[PDB]
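In structure tokens, one chain follows: the form deposited in one PDB entry.
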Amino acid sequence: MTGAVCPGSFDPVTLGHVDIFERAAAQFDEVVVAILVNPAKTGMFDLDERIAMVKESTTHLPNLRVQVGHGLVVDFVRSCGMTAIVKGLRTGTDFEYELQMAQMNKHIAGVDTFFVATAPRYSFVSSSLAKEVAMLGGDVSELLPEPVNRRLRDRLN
């Protein structure tokens, strides 16, 4: 029973994220997408919306489930009966930041992190940039799953 957790805010989930989910689901018997919500409430979509968008965008991955994460990600990972986190990397700068978190996570809980390199076509896709461009009237529909596009179009209509 090999398993990985894919943690993130997913606000909203992008096609870059879905790519990572697919790639994790191909290599681990079970994948859990863990949505870690910002407490301060500064995000675009609420938690219920973020969950629905991930679920709606991952109906083709039978071995993937979606859950809200609470506390340290390592504690969530251990509560799933797993010892691996899977995350995507776009750049060397991303790597150096994630490296610190991964080494810390291994230190405190013995939980390992496996990184996958972004698909080339989604290298520039982030939730933040997608939101920024969307908020200014730009068309980012090709970078996001249709379930997200539907919701985005409803907010600007």
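In this text, rigid core is short for the largest set of C-alphas that superpose within 1.5 Å between two forms. One-based numbering along the sequence shown.
Keep in mind the form deposited in another entry is missing from the figure; the text below concerns it.
Asker: Superposing on the core, which single option in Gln27, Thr91, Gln103, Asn63 has a CA shift of 2 Å or more between this form and the one not shown?
Answerer: Shifted by 2 Å or more: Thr91 only.
Asker: Since the CA distance of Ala25 and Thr93 differs by 3 Å or more in the other form, is it closer or farther than in the form displayed?
Answerer: Pair moves closer in the other form.
Asker: Would you mind telling me if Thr93 and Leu36 are closer or farther apart in the other form than in the shown form, C-alpha to C-alpha, with a 3 Å or larger change?
Answerer: Relative to the displayed form, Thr93 and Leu36 draw closer in the other form - a change of at least 3 Å between their C-alphas.
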